[PDB]
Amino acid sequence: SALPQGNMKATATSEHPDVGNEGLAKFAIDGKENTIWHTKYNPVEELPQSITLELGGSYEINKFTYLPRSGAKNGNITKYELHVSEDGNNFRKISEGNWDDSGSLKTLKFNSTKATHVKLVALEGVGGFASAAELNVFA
């Protein structure tokens, strides 16, 4: 089941300031589909950029979901890696691939692994931005 988002802390390598529904990292874990993390723009901080969720404990995780922004496409992530850490500093890759640029929920299912942190790396995204409406981590 999804770990409680209110026990997590989101940080990112790049985040746009709060201009309403974007683009602070914490907007990716607020349970609100209208608010999004978005990489910093004006000017762009180029991809790759990433968002890390500190989980609020060390959990055996097996699924991750990425919900894109709704009603528009800038930052819809189309090439990704998923990494995990048990110390907040040293990361290891557990998933990688391509996603379509539609607003559909994107789900990753993987070998059970122990993590205190999960990092979603946007290698490519629509417009060269990365964005995320909601991220969930399942244990």
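A residue's number is simply how far along the shown sequence it sits, counting from 1.
Checked against the record, the higher mean CA B factor of 82-90 and 48-56 lies with 82-90.
Mean C-alpha B-factor is higher over 93-101 than over the other stretch, the pair under comparison being 23-31 and 93-101. Each of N76, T39, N42, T65 has a CA temperature factor in the record; the biggest one is found at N42. In the deposited entry, the Cα temperature factor of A2 places it in the highest third of its chain's modelled residues.
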